[PDB]
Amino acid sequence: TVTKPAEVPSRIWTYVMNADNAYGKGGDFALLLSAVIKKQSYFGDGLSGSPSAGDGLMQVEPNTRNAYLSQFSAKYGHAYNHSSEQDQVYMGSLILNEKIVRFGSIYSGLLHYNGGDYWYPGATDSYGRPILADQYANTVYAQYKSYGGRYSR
């Protein structure tokens, strides 16, 4: 505990481990972030073709990135740079950590990361796509555990 999952590209592992270090999570957060990135962008390979392609590795929506800019700068010591893949991961990590702490659990953190705080079945994203936040949380939590995750909170 813990090892890089074989299927996670080594550049991505570095980003998530840097994020893990910033929150003192012993490598466990990095496993969760790996699962999130696999689902959101497939490490960057599943982006092309999508209206939300430009939102990067963790697919944080523009209005959501905008709300967290000052907090990002405070946490990481530099202004958010969307062209930086490490910053993309740092931003997604900050928001997911915030949700997990605020709502009280990983599952709920994942659900509200994907759906927002006021998700309901039939809610749509900034591109008008239906958000299956419950299914997202289920499948990302399973992937997290499959990578060797060991927490619920």
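Position 1 is the first residue in the sequence shown; the rest follow in order.
Look at the mean CA B-factor for 11-19 and for 126-134 in the entry; the higher one is 126-134. Of the two segments, 62-70 and 23-31, the one listed with the higher mean B-factor is 23-31 (C-alpha atoms only). Residues shown: 111, 36, 95, 47. Highest C-alpha temperature factor in the entry: 47. When all modelled residues of the chain are sorted by CA temperature factor, residue 54 is found within the lowest third.
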